[PDB]
>>> print(open('upload26.cif').read())   # mmCIF, N, CA and C atoms
data_query
loop_
_atom_site.label_atom_id
_atom_site.label_comp_id
_atom_site.auth_asym_id
_atom_site.auth_seq_id
_atom_site.Cartn_x
_atom_site.Cartn_y
_atom_site.Cartn_z
N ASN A 1 -3.18 -23.16 -24.89
CA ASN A 1 -4.23 -22.63 -24.02
C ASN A 1 -3.65 -22.17 -22.69
N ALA A 2 -3.40 -20.87 -22.58
CA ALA A 2 -2.85 -20.29 -21.36
C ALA A 2 -3.86 -19.38 -20.68
N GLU A 3 -3.94 -19.48 -19.35
CA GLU A 3 -4.86 -18.66 -18.58
C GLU A 3 -4.11 -17.66 -17.71
N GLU A 4 -2.95 -17.23 -18.18
CA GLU A 4 -2.13 -16.27 -17.44
C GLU A 4 -1.79 -16.81 -16.05
N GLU A 5 -1.75 -18.14 -15.93
CA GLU A 5 -1.44 -18.78 -14.66
C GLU A 5 -0.13 -18.25 -14.09
N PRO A 6 0.96 -18.39 -14.86
CA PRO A 6 2.29 -17.93 -14.46
C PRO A 6 2.39 -16.41 -14.43
N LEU A 7 1.60 -15.75 -15.27
CA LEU A 7 1.60 -14.30 -15.34
C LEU A 7 0.87 -13.69 -14.15
N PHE A 8 0.11 -14.52 -13.45
CA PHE A 8 -0.65 -14.07 -12.29
C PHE A 8 0.29 -13.52 -11.21
N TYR A 9 1.52 -14.03 -11.19
CA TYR A 9 2.51 -13.60 -10.21
C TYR A 9 3.05 -12.21 -10.56
N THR A 10 3.66 -12.10 -11.74
CA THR A 10 4.23 -10.84 -12.19
C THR A 10 3.20 -9.72 -12.12
N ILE A 11 1.96 -10.04 -12.51
CA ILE A 11 0.88 -9.06 -12.49
C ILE A 11 0.58 -8.60 -11.07
N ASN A 12 0.51 -9.56 -10.15
CA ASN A 12 0.23 -9.27 -8.75
C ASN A 12 1.39 -8.52 -8.10
N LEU A 13 2.52 -8.49 -8.79
CA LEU A 13 3.71 -7.81 -8.29
C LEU A 13 3.72 -6.35 -8.72
N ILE A 14 3.05 -6.06 -9.83
CA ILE A 14 2.98 -4.70 -10.35
C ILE A 14 1.96 -3.87 -9.59
N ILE A 15 0.91 -4.53 -9.12
CA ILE A 15 -0.15 -3.86 -8.37
C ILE A 15 0.43 -3.03 -7.22
N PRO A 16 1.18 -3.70 -6.33
CA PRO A 16 1.81 -3.06 -5.18
C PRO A 16 2.95 -2.13 -5.58
N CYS A 17 3.69 -2.53 -6.61
CA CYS A 17 4.82 -1.74 -7.10
C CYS A 17 4.39 -0.30 -7.37
N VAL A 18 3.39 -0.14 -8.24
CA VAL A 18 2.89 1.18 -8.58
C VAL A 18 2.30 1.89 -7.37
N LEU A 19 1.71 1.11 -6.47
CA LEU A 19 1.10 1.65 -5.26
C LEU A 19 2.16 2.27 -4.36
N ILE A 20 3.26 1.55 -4.16
CA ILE A 20 4.35 2.03 -3.32
C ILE A 20 4.80 3.42 -3.75
N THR A 21 5.02 3.59 -5.05
CA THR A 21 5.46 4.87 -5.59
C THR A 21 4.53 6.00 -5.15
N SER A 22 3.23 5.80 -5.34
CA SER A 22 2.24 6.80 -4.97
C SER A 22 2.40 7.20 -3.50
N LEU A 23 2.69 6.22 -2.66
CA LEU A 23 2.87 6.47 -1.23
C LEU A 23 3.93 7.54 -0.99
N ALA A 24 5.01 7.48 -1.76
CA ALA A 24 6.09 8.45 -1.63
C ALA A 24 5.66 9.82 -2.14
N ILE A 25 4.71 9.83 -3.07
CA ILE A 25 4.21 11.08 -3.63
C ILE A 25 3.19 11.73 -2.70
N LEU A 26 2.40 10.91 -2.03
CA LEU A 26 1.38 11.41 -1.11
C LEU A 26 2.02 12.13 0.07
N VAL A 27 3.17 11.62 0.52
CA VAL A 27 3.88 12.21 1.64
C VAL A 27 4.51 13.54 1.24
N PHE A 28 5.18 13.56 0.10
CA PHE A 28 5.83 14.77 -0.40
C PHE A 28 4.81 15.87 -0.64
N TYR A 29 3.56 15.48 -0.85
CA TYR A 29 2.48 16.43 -1.09
C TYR A 29 1.91 16.96 0.22
N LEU A 30 2.03 16.16 1.27
CA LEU A 30 1.52 16.54 2.58
C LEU A 30 2.66 16.67 3.59
N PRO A 31 3.47 17.73 3.43
CA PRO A 31 4.61 17.99 4.32
C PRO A 31 4.17 18.41 5.72
N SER A 32 3.83 17.42 6.55
CA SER A 32 3.39 17.69 7.91
C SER A 32 4.26 16.94 8.92
N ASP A 33 4.79 17.67 9.89
CA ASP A 33 5.63 17.07 10.92
C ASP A 33 6.87 16.44 10.30
N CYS A 34 7.69 15.81 11.14
CA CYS A 34 8.92 15.16 10.67
C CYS A 34 8.81 13.65 10.79
N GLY A 35 7.99 13.19 11.74
CA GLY A 35 7.82 11.76 11.94
C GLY A 35 7.25 11.07 10.71
N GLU A 36 6.56 11.83 9.87
CA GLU A 36 5.96 11.28 8.66
C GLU A 36 7.03 10.94 7.63
N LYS A 37 8.07 11.76 7.57
CA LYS A 37 9.17 11.55 6.64
C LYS A 37 10.07 10.42 7.11
N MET A 38 10.26 10.32 8.42
CA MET A 38 11.10 9.28 9.00
C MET A 38 10.46 7.91 8.85
N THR A 39 9.16 7.84 9.12
CA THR A 39 8.42 6.58 9.02
C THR A 39 8.22 6.19 7.56
N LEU A 40 8.24 7.18 6.67
CA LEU A 40 8.05 6.94 5.25
C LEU A 40 9.20 6.11 4.68
N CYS A 41 10.41 6.65 4.77
CA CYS A 41 11.60 5.96 4.27
C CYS A 41 11.70 4.56 4.86
N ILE A 42 11.54 4.47 6.18
CA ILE A 42 11.62 3.19 6.87
C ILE A 42 10.56 2.22 6.35
N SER A 43 9.39 2.76 6.01
CA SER A 43 8.29 1.95 5.51
C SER A 43 8.62 1.38 4.13
N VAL A 44 8.92 2.28 3.19
CA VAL A 44 9.25 1.88 1.83
C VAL A 44 10.37 0.84 1.82
N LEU A 45 11.29 0.97 2.77
CA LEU A 45 12.42 0.05 2.87
C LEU A 45 11.93 -1.36 3.22
N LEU A 46 11.00 -1.45 4.16
CA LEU A 46 10.46 -2.73 4.58
C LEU A 46 9.78 -3.45 3.41
N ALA A 47 9.08 -2.68 2.59
CA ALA A 47 8.39 -3.24 1.43
C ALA A 47 9.37 -3.97 0.51
N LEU A 48 10.51 -3.34 0.25
CA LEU A 48 11.53 -3.92 -0.62
C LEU A 48 12.11 -5.19 0.00
N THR A 49 12.55 -5.09 1.25
CA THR A 49 13.12 -6.23 1.96
C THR A 49 12.16 -7.41 1.96
N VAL A 50 10.89 -7.14 2.24
CA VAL A 50 9.87 -8.18 2.28
C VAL A 50 9.78 -8.90 0.94
N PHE A 51 9.84 -8.13 -0.15
CA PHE A 51 9.76 -8.69 -1.49
C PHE A 51 10.90 -9.68 -1.73
N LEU A 52 12.10 -9.31 -1.31
CA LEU A 52 13.27 -10.17 -1.49
C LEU A 52 13.00 -11.57 -0.95
N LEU A 53 12.68 -11.65 0.34
CA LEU A 53 12.40 -12.93 0.98
C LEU A 53 11.34 -13.70 0.20
N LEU A 54 10.35 -12.98 -0.33
CA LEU A 54 9.28 -13.60 -1.09
C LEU A 54 9.84 -14.53 -2.16
N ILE A 55 10.53 -13.95 -3.14
CA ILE A 55 11.12 -14.73 -4.22
C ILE A 55 12.31 -15.55 -3.72
N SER A 56 12.88 -15.13 -2.60
CA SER A 56 14.02 -15.82 -2.02
C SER A 56 13.78 -17.33 -1.96
N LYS A 57 12.56 -17.71 -1.58
CA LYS A 57 12.20 -19.12 -1.49
C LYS A 57 11.51 -19.59 -2.76
N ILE A 58 10.96 -18.64 -3.52
CA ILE A 58 10.27 -18.96 -4.76
C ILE A 58 11.19 -18.75 -5.96
N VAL A 59 12.22 -19.59 -6.06
CA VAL A 59 13.17 -19.50 -7.17
C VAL A 59 13.94 -18.19 -7.12
N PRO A 60 14.90 -18.10 -6.19
CA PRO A 60 15.73 -16.91 -6.02
C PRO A 60 16.71 -16.71 -7.18
N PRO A 61 17.32 -15.52 -7.23
CA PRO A 61 18.28 -15.17 -8.29
C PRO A 61 19.59 -15.95 -8.16
N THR A 62 19.82 -16.52 -6.98
CA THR A 62 21.03 -17.29 -6.72
C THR A 62 20.75 -18.79 -6.80
N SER A 63 19.93 -19.18 -7.77
CA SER A 63 19.59 -20.58 -7.95
C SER A 63 19.13 -20.85 -9.38
N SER A 64 19.62 -20.04 -10.31
CA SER A 64 19.27 -20.18 -11.72
C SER A 64 20.31 -19.53 -12.62
N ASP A 65 20.07 -19.56 -13.92
CA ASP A 65 20.99 -18.97 -14.89
C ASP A 65 20.45 -17.64 -15.40
N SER A 66 19.16 -17.60 -15.69
CA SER A 66 18.52 -16.38 -16.20
C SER A 66 17.27 -16.05 -15.40
N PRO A 67 17.47 -15.65 -14.13
CA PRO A 67 16.37 -15.30 -13.23
C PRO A 67 15.69 -13.99 -13.63
N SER A 68 14.42 -13.85 -13.27
CA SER A 68 13.66 -12.66 -13.59
C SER A 68 13.60 -11.70 -12.40
N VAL A 69 13.58 -12.27 -11.20
CA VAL A 69 13.53 -11.47 -9.98
C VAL A 69 14.72 -10.52 -9.90
N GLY A 70 15.85 -10.94 -10.45
CA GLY A 70 17.04 -10.11 -10.43
C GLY A 70 16.90 -8.88 -11.30
N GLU A 71 16.19 -9.02 -12.41
CA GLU A 71 15.99 -7.90 -13.33
C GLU A 71 15.39 -6.70 -12.61
N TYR A 72 14.19 -6.89 -12.06
CA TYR A 72 13.50 -5.82 -11.35
C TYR A 72 14.34 -5.34 -10.16
N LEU A 73 15.12 -6.24 -9.59
CA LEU A 73 15.97 -5.91 -8.45
C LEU A 73 16.98 -4.83 -8.82
N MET A 74 17.55 -4.95 -10.01
CA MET A 74 18.53 -3.98 -10.49
C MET A 74 17.90 -2.60 -10.64
N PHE A 75 16.84 -2.52 -11.43
CA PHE A 75 16.15 -1.26 -11.66
C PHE A 75 15.66 -0.66 -10.35
N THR A 76 15.24 -1.52 -9.43
CA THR A 76 14.75 -1.07 -8.13
C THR A 76 15.89 -0.56 -7.26
N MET A 77 17.05 -1.20 -7.38
CA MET A 77 18.22 -0.81 -6.60
C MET A 77 18.61 0.63 -6.89
N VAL A 78 18.86 0.93 -8.16
CA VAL A 78 19.24 2.28 -8.57
C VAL A 78 18.18 3.29 -8.17
N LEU A 79 16.92 2.85 -8.16
CA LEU A 79 15.81 3.72 -7.80
C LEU A 79 15.82 4.04 -6.30
N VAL A 80 16.01 3.00 -5.49
CA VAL A 80 16.05 3.16 -4.04
C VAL A 80 17.11 4.17 -3.63
N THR A 81 18.31 4.04 -4.20
CA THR A 81 19.41 4.94 -3.90
C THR A 81 19.02 6.39 -4.15
N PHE A 82 18.37 6.63 -5.28
CA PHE A 82 17.94 7.98 -5.65
C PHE A 82 17.10 8.60 -4.54
N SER A 83 16.23 7.79 -3.94
CA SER A 83 15.36 8.26 -2.87
C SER A 83 16.18 8.68 -1.65
N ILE A 84 17.17 7.87 -1.30
CA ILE A 84 18.03 8.17 -0.16
C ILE A 84 18.71 9.52 -0.31
N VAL A 85 19.10 9.85 -1.54
CA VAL A 85 19.76 11.12 -1.82
C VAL A 85 18.87 12.29 -1.44
N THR A 86 17.61 12.24 -1.87
CA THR A 86 16.66 13.31 -1.58
C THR A 86 16.33 13.35 -0.09
N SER A 87 16.20 12.18 0.52
CA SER A 87 15.88 12.09 1.94
C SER A 87 16.88 12.89 2.77
N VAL A 88 18.17 12.70 2.48
CA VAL A 88 19.23 13.40 3.20
C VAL A 88 19.29 14.87 2.78
N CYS A 89 19.13 15.12 1.49
CA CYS A 89 19.17 16.47 0.96
C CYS A 89 18.20 17.38 1.71
N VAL A 90 17.10 16.79 2.18
CA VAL A 90 16.09 17.55 2.92
C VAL A 90 16.43 17.62 4.40
N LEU A 91 16.95 16.52 4.94
CA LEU A 91 17.32 16.46 6.35
C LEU A 91 18.26 17.60 6.72
N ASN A 92 19.39 17.67 6.02
CA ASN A 92 20.37 18.72 6.27
C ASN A 92 20.12 19.93 5.37
N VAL A 93 20.53 21.10 5.85
CA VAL A 93 20.35 22.34 5.09
C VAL A 93 21.69 22.89 4.62
N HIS A 94 21.68 23.58 3.48
CA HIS A 94 22.89 24.16 2.93
C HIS A 94 22.85 25.68 3.01
N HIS A 95 23.65 26.25 3.90
CA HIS A 95 23.71 27.70 4.07
C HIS A 95 24.66 28.33 3.07
N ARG A 96 24.11 28.93 2.02
CA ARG A 96 24.91 29.57 0.99
C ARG A 96 25.86 28.57 0.33
N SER A 97 26.59 29.02 -0.68
CA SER A 97 27.53 28.16 -1.39
C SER A 97 28.53 29.00 -2.18
N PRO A 98 29.66 28.37 -2.54
CA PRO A 98 30.73 29.03 -3.30
C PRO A 98 30.31 29.33 -4.74
N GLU A 99 29.58 28.40 -5.34
CA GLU A 99 29.12 28.56 -6.71
C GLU A 99 27.59 28.56 -6.78
N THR A 100 27.06 28.84 -7.97
CA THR A 100 25.62 28.88 -8.17
C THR A 100 25.22 28.11 -9.42
N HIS A 101 24.25 27.21 -9.28
CA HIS A 101 23.77 26.42 -10.40
C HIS A 101 23.19 27.31 -11.50
N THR A 102 22.58 26.69 -12.50
CA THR A 102 21.98 27.42 -13.61
C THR A 102 20.51 27.08 -13.76
N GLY A 103 19.64 28.00 -13.35
CA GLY A 103 18.21 27.77 -13.46
C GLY A 103 17.59 27.33 -12.14
N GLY A 104 16.39 26.77 -12.21
CA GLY A 104 15.71 26.33 -11.01
C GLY A 104 15.15 27.48 -10.20
N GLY A 105 13.90 27.34 -9.76
CA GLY A 105 13.27 28.38 -8.97
C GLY A 105 12.42 27.83 -7.85
N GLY A 106 12.96 26.86 -7.12
CA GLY A 106 12.22 26.25 -6.02
C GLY A 106 11.33 25.12 -6.48
N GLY A 107 11.54 24.66 -7.71
CA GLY A 107 10.73 23.58 -8.24
C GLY A 107 11.46 22.25 -8.22
N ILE A 108 12.64 22.24 -7.61
CA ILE A 108 13.44 21.02 -7.52
C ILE A 108 12.61 19.86 -6.98
N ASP A 109 11.71 20.16 -6.05
CA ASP A 109 10.86 19.14 -5.45
C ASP A 109 9.86 18.60 -6.48
N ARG A 110 9.13 19.50 -7.12
CA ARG A 110 8.14 19.11 -8.12
C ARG A 110 8.81 18.37 -9.28
N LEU A 111 10.09 18.65 -9.49
CA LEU A 111 10.84 18.01 -10.57
C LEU A 111 11.01 16.52 -10.30
N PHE A 112 11.45 16.19 -9.09
CA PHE A 112 11.66 14.80 -8.71
C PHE A 112 10.33 14.05 -8.64
N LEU A 113 9.25 14.79 -8.42
CA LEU A 113 7.92 14.20 -8.33
C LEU A 113 7.48 13.65 -9.68
N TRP A 114 7.69 14.44 -10.73
CA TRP A 114 7.31 14.02 -12.08
C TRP A 114 8.35 13.07 -12.67
N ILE A 115 9.62 13.37 -12.45
CA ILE A 115 10.70 12.53 -12.95
C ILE A 115 10.56 11.10 -12.46
N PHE A 116 9.88 10.93 -11.34
CA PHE A 116 9.67 9.60 -10.76
C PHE A 116 8.52 8.88 -11.45
N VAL A 117 7.33 9.49 -11.40
CA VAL A 117 6.15 8.91 -12.02
C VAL A 117 6.40 8.60 -13.49
N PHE A 118 7.31 9.35 -14.11
CA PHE A 118 7.64 9.16 -15.51
C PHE A 118 8.41 7.85 -15.72
N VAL A 119 9.55 7.74 -15.05
CA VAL A 119 10.38 6.54 -15.16
C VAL A 119 9.61 5.30 -14.72
N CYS A 120 8.59 5.50 -13.90
CA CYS A 120 7.77 4.40 -13.40
C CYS A 120 6.78 3.94 -14.47
N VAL A 121 6.15 4.90 -15.14
CA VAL A 121 5.18 4.59 -16.18
C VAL A 121 5.80 3.75 -17.29
N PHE A 122 7.08 4.00 -17.56
CA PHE A 122 7.80 3.27 -18.60
C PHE A 122 8.18 1.88 -18.11
N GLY A 123 8.71 1.81 -16.89
CA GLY A 123 9.12 0.53 -16.33
C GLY A 123 7.94 -0.41 -16.12
N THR A 124 6.92 0.08 -15.43
CA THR A 124 5.73 -0.72 -15.15
C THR A 124 5.10 -1.23 -16.44
N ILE A 125 4.93 -0.34 -17.41
CA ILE A 125 4.34 -0.70 -18.69
C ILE A 125 5.25 -1.65 -19.47
N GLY A 126 6.56 -1.47 -19.29
CA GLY A 126 7.52 -2.32 -19.98
C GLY A 126 7.27 -3.79 -19.74
N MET A 127 7.13 -4.17 -18.47
CA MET A 127 6.88 -5.56 -18.11
C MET A 127 5.41 -5.92 -18.31
N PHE A 128 4.56 -4.91 -18.35
CA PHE A 128 3.13 -5.12 -18.54
C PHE A 128 2.79 -5.34 -20.01
N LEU A 129 3.73 -4.98 -20.88
CA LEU A 129 3.53 -5.14 -22.32
C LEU A 129 3.92 -6.54 -22.77
N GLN A 130 4.33 -7.37 -21.82
CA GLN A 130 4.72 -8.74 -22.12
C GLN A 130 3.64 -9.46 -22.90
N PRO A 131 2.43 -9.54 -22.32
CA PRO A 131 1.28 -10.20 -22.95
C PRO A 131 0.76 -9.43 -24.15
N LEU A 132 0.18 -10.15 -25.10
CA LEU A 132 -0.37 -9.53 -26.30
C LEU A 132 -1.57 -8.65 -25.97
N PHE A 133 -2.25 -8.99 -24.87
CA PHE A 133 -3.42 -8.23 -24.44
C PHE A 133 -3.93 -8.74 -23.10
N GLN A 134 -5.02 -8.15 -22.62
CA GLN A 134 -5.61 -8.54 -21.35
C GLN A 134 -6.27 -9.91 -21.45
N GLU A 135 -6.56 -10.33 -22.68
CA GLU A 135 -7.20 -11.62 -22.92
C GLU A 135 -6.22 -12.61 -23.54
N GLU A 136 -5.17 -12.94 -22.78
CA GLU A 136 -4.15 -13.87 -23.26
C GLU A 136 -4.79 -15.19 -23.70
#
>>> encode(input="upload26.cif", output="structure tokens")
Amino acid sequence: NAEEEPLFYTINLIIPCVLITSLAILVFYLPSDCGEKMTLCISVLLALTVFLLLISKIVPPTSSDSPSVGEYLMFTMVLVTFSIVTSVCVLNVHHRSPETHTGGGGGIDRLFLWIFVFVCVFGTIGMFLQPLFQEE
């Protein structure tokens, strides 16, 4: 007889997770001023750091053999880096180049927008598929 007691944590962790992503999409959709982009990256960063401390005291990855907090940490790490790449790519401009890529017509932005929500739908659902159903 389980009432998703322990699952209440992981579930409450996905709520904000998916929300954070949208935040990055809302900004990219509303390109206004520069302070919005600067505060955005700094904001998303705080969310991650805050999460660390959370589990830090609640059974951290450095106090077990097969921790779960570390799992999401890995996938999140590689994801965070990807964001930094785009952040800088926009900050600085590239005046002409020696070579020319193949394809693309100014949709590079829209590409990262979908490529993100996609990898997220799989990841979020991946851990959400743990339970047999909503009525465990």
>>> resolve_selection(input="upload26.cif", expression="the PyMOL selection byres (((chain A and resi 30-37 and name CA) around 12) and name CA)", output="CSV table (one decimal) with N, CA and C atoms, in the coordinates of the input")
chain,number,residue,atom,x,y,z
A,23,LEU,N,2.7,6.2,-2.7
A,23,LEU,CA,2.9,6.5,-1.2
A,23,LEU,C,3.9,7.5,-1.0
A,24,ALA,N,5.0,7.5,-1.8
A,24,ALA,CA,6.1,8.4,-1.6
A,24,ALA,C,5.7,9.8,-2.1
A,25,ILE,N,4.7,9.8,-3.1
A,25,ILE,CA,4.2,11.1,-3.6
A,25,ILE,C,3.2,11.7,-2.7
A,26,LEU,N,2.4,10.9,-2.0
A,26,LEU,CA,1.4,11.4,-1.1
A,26,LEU,C,2.0,12.1,0.1
A,27,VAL,N,3.2,11.6,0.5
A,27,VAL,CA,3.9,12.2,1.6
A,27,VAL,C,4.5,13.5,1.2
A,28,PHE,N,5.2,13.6,0.1
A,28,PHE,CA,5.8,14.8,-0.4
A,28,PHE,C,4.8,15.9,-0.6
A,29,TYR,N,3.6,15.5,-0.8
A,29,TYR,CA,2.5,16.4,-1.1
A,29,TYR,C,1.9,17.0,0.2
A,38,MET,N,10.3,10.3,8.4
A,38,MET,CA,11.1,9.3,9.0
A,38,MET,C,10.5,7.9,8.8
A,39,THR,N,9.2,7.8,9.1
A,39,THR,CA,8.4,6.6,9.0
A,39,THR,C,8.2,6.2,7.6
A,40,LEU,N,8.2,7.2,6.7
A,40,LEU,CA,8.0,6.9,5.2
A,40,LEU,C,9.2,6.1,4.7
A,41,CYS,N,10.4,6.6,4.8
A,41,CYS,CA,11.6,6.0,4.3
A,41,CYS,C,11.7,4.6,4.9
A,42,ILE,N,11.5,4.5,6.2
A,42,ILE,CA,11.6,3.2,6.9
A,42,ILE,C,10.6,2.2,6.4
A,43,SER,N,9.4,2.8,6.0
A,43,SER,CA,8.3,2.0,5.5
A,43,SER,C,8.6,1.4,4.1
A,44,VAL,N,8.9,2.3,3.2
A,44,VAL,CA,9.2,1.9,1.8
A,44,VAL,C,10.4,0.8,1.8
A,83,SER,N,16.2,7.8,-3.9
A,83,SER,CA,15.4,8.3,-2.9
A,83,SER,C,16.2,8.7,-1.6
A,84,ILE,N,17.2,7.9,-1.3
A,84,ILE,CA,18.0,8.2,-0.2
A,84,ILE,C,18.7,9.5,-0.3
A,86,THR,N,17.6,12.2,-1.9
A,86,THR,CA,16.7,13.3,-1.6
A,86,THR,C,16.3,13.4,-0.1
A,87,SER,N,16.2,12.2,0.5
A,87,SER,CA,15.9,12.1,1.9
A,87,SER,C,16.9,12.9,2.8
A,88,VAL,N,18.2,12.7,2.5
A,88,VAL,CA,19.2,13.4,3.2
A,88,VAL,C,19.3,14.9,2.8
A,90,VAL,N,17.1,16.8,2.2
A,90,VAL,CA,16.1,17.6,2.9
A,90,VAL,C,16.4,17.6,4.4
A,91,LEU,N,17.0,16.5,4.9
A,91,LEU,CA,17.3,16.5,6.4
A,91,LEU,C,18.3,17.6,6.7
A,109,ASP,N,11.7,20.2,-6.0
A,109,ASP,CA,10.9,19.1,-5.4
A,109,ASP,C,9.9,18.6,-6.5
>>> select_by_dssp(input="upload26.cif", residues="chain A", states="alpha helix (DSSP H)", output="PyMOL selection string")
chain A and resi 7-29+35-57+69-91+108-128
>>> closest_residue(input="upload26.cif", among="A:21, A:123, A:104, A:5", to="residue A:74", atoms="only C-alpha atoms")
A:123
>>> closest_residue(input="upload26.cif", among="A:128, A:135, A:120, A:113", to="residue A:18", atoms="only C-alpha atoms")
A:120
>>> closest_residue(input="upload26.cif", among="A:136, A:112, A:52, A:89", to="residue A:72", atoms="only C-alpha atoms")
A:52
>>> resolve_selection(input="upload26.cif", expression="the PyMOL selection byres (((chain A and resi 9 and name CA) around 12) and name CA)", output="number ranges by chain")
A: 4-8, 10-16, 54-55, 58, 68-69, 128
>>> atom_distance(input="upload26.cif", atom1="atom N of residue A:70", atom2="atom CA of residue A:53")
12.1 Å
